[PDB]
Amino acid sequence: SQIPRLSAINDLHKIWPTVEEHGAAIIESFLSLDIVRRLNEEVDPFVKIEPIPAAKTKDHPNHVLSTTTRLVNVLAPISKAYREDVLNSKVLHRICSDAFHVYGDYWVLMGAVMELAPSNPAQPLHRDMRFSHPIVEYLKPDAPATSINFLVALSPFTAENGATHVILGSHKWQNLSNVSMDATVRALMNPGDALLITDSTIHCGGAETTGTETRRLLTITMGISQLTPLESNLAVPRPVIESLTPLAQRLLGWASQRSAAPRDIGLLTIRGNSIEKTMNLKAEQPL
């Protein structure tokens, strides 16, 4: 049984129901190739200078990722394509509002480019969020997913170059005794395609077997606004913030947030008023 493949335009309403049922779907042409090109060009130098995940100069080293992984997050100050095109993706927002409506507003838990060096080994099969949000393990097993992960190919995903592994249905597994690479299927994808999984989907990056190809992806973990993002936009220059849409501002933590509770009293408010109202935060002011 293979990962279902859906069109970003044609099949839009089918995407989240497909993930909710099977734990994974491939969104074909999630980002256009022109956006992929621009993202790539804009993040390239930051990828090249990024040290190892656990670099000694970091005061929050990532000890989990392999030394042949590079991960660059807080993309808004680096990439116009990301902060305009990606953060405003209609497809992305329709899926997130489909996924998160029971909880409320959602935001970017982390937007990162990952680049894997040739011969990068397969990651251990895993669910996300367990090195950041242990609260998630305490959720009842039937609780709606509180985060999801769009793994967007910025270069080709093939079985040979380490395309992601997923276990279909594994987001509903309580008993993990059956986890093995035996149960996986691959996300074979063209640049701009996205693999969409939930925080309970068991998955892993694949083994890069060519010894030559450098695989790159954009991972967008979207999560309910009641959960703290893994990354901070607090240091993004205010001019950059004020060039965004209000929606993009909210996604980066530069706006207040709402839950779905009928009498919701809000998140990140100030004596009854929003961040953006208190600070008189402008939007869509070009640089």
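Residue numbers here begin at 1 and follow the sequence given.
225-233 versus 63-71 - greater average Cα B-factor per the deposited record:
If you average the C-alpha B-factors of 63-71 and of 225-233, the larger mean comes out for 63-71.
**Request:** Select between 250-258 and 26-34 the stretch whose C-alpha atoms have the higher average B-factor in the entry.
**Result:** Stretch with the higher mean C-alpha B-factor: 26-34.
* Would you mind finding, among 144, 104, 134, 118, the residue with the largest C-alpha temperature factor in the entry? => Reading the PDB entry, the winner on C-alpha B-factor is 118.
request  = Between 176, 185, 148, 76, let me know which has the highest C-alpha B-factor in the entry?
outcome  = So the option with the highest C-alpha B-factor is 176.
Residue 9 by Cα B-factor - lowest, middle or highest third of the modelled chain: According to the entry, residue 9 has a C-alpha B-factor in the chain's highest third.
- C-alpha B factor of residue 219, ranked within the chain: lowest, middle or highest third? Its C-alpha B-factor belongs to the lowest third of this chain's values.
Lowest, middle or highest third of the chain for the C-alpha temperature factor of residue 208? Tercile = middle for this residue's CA B-factor.
**OP:** Sorting the chain's modelled residues by C-alpha B-factor, tell me whether residue 43 ends up in the lowest, middle or highest third.
**Re:** As the PDB entry reports it, the C-alpha B-factor of residue 43 lands in the lowest third of its chain.
query = Lowest, middle or highest third: where is residue 201 by C-alpha B factor in its chain?
reply = It belongs to the middle third of the chain when residues are ordered by C-alpha B-factor.
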